[PDB]
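Just below is one structure, and these are the notes that go with it.
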Amino acid sequence: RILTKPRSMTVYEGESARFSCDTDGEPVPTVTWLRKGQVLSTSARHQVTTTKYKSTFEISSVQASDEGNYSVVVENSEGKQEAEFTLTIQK
């Protein structure tokens, strides 16, 4: 599980904070980005997303959320895993 975890960083605002991880599953695992930042939103405030075997979350307009420690809990159609990191922001 957790084929690869997203590193970390510190951005200012919609400057990058790009993230992308990898995870196996059967069929395909599940992912839920979140970290006391309102589940890293998904589109109204963040460009979060997930693919067949690789997910990723980007921030081109961080809002109230985004403050530092940001993680991704990815299940496995039966199991549960997680990769935590820390992306802060400077409004």
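Every residue, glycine as well, gets a Cβ built from its backbone with ideal geometry; the counts of neighbours run over all protein chains shown. Where a number appears in this text, it was derived from the coordinates with a stated rule and is not lab data.
Nothing charged except the Cβ atoms of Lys and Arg (+1) and of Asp and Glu (-1): what's the magnitude of the dipole of the stretch 14-55 about its Cα centre? Round to the nearest 20 debye.
I would put it at about 220 debye.
What fraction of the Cα pairs in the chain, stated in percent, has a spacing above 19 angstrom?
31 percent
For an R0 of 25 angstrom, estimate the FRET efficiency from the Cβ-Cβ distance between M9 and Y53 and round to the nearest 0.05.
Computed FRET efficiency for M9 and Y53: 0.60.
Just report the Cα centroid separation between the stretch 57-91 and the stretch 1-32, whole Å.
8 Å
Ranked from highest to lowest mean number of other Cβ atoms within 10 Å per residue, what is the order of the peptides 72-85, 3-16?
Result, highest mean first: 72-85, 3-16.
Counting only other residues whose beta carbon sits under 15 Å from that of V74, what net charge do I get with K and R as +1, D and E as -1?
For residues surrounding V74, the net value is -1.
What does the charge count around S61 come to, taking other residues whose C-beta lies under 14 Å from its C-beta (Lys +1, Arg +1, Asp -1, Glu -1)?
Local net charge: -1.
Indicate, rounded to the nearest 5 percent, the antiparallel portion of the DSSP beta bridges found entirely in the chain.
Close to 90 percent.
Give me the three principal axis extents of the stretch 1-50 from the C-alpha atoms, as integers in angstrom, largest value leading.
37, 22, 17
Among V39, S65, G14, whose Cα sits farthest toward the positive end of the charge dipole of the chain (+1 at Cβ of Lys/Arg, -1 at Cβ of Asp/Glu, about the Cα centre)?
In the chain, that residue is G14.
Extending each Cα 7 Å along its Cβ direction at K80 and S16, get the distance between those two points in nm, one decimal.
It works out to 3.4 nm between the two label points.
Considering only the other residues whose Cβ falls under 12 Å of the Cβ of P6, what net charge follows from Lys and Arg at +1 and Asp and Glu at -1?
+1
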